[PDB]
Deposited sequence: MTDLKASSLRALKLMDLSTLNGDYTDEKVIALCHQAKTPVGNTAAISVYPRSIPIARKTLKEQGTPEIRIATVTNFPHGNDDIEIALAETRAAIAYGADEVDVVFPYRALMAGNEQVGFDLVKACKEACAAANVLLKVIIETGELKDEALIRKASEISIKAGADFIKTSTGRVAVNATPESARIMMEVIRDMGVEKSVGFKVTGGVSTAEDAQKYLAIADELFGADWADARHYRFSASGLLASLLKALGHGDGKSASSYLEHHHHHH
């Protein structure tokens, strides 16, 4: 559990200016740095300044766009993504238009993700795509949203916004990672769990899914992330802090 907890901590996207600064401080933990912090776009500049000032410039800055709604207006999602890039994001987590998919429109999800990926790729920014598994609910829809996102060039597929009633489950995590495996894209596509990981014991289980599917070396920071309320504290407690 100590080994899994240290591993999970180093895979976290940890999520007023004073609160952003505090977040950056919290990412620099006694046992190592989280992979990233996650803030709203407007907070990226002050976060970058803080991370540099505390000597942790390698902590990535992630942000969110089309968020949390997953609306199907490509031009708005793209403008927000371009703004996130311009603010200085290292990574952008865009919400997939999951309601449109549930209404039978697969193409708009492809087009939205693709537009955002093209912007991100031009700037060497990673794109994560939030599919909102807790709203999709159905295995087939979770697979479909995952598949479309991957085909459109997602660098990560992500369970959830954290803003709806149901976020990640072990089953939705397994389904999404199976899509990565089945599509043969494990080298280029990561998986991010949001919600459902309250404890160090939970984190261990989610990591074990990846280890079982791909082998224990797969889940590095380019391929696996965590975000959940309370998780950092639980991980630190497991590690003696």
property: Stretches with no C-alpha position, numbering per deposited sequence from 1; result: 1 to 3, 19 to 24, 251 to 267
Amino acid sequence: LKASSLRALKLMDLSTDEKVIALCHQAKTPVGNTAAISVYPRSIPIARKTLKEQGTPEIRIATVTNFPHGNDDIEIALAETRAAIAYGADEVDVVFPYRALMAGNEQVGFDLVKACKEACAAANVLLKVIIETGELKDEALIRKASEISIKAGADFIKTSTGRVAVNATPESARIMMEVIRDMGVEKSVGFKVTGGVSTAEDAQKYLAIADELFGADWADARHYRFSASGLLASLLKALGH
From here on, numbers count along this sequence of modelled residues.
| property | result |
| --- | --- |
| 86 to 94 set against 131 to 139, stretch whose average Cα temperature factor tops the other in the entry | 131 to 139 |
| Per the entry, higher mean C-alpha B factor between 227 to 235 and 5 to 13 | 227 to 235 |
| Which of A35, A62, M183, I175 ranks first by CA B-factor in the deposited coordinates | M183 |
| Deposited CA B-factor, highest of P30, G70, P41, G190 | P30 |
| Third of the chain's Cα B-factor distribution that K151 belongs to, per the entry | middle |
| Entry-reported Cα temperature factor of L78, expressed as the chain third it lands in | lowest |
| Ranked against its chain, the third holding the CA B-factor of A100 | middle |
| Modelled-residue ranking by C-alpha temperature factor, third containing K158 | lowest |
| Relative C-alpha B-factor of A165, binned into the chain's lowest, middle or highest third | highest |
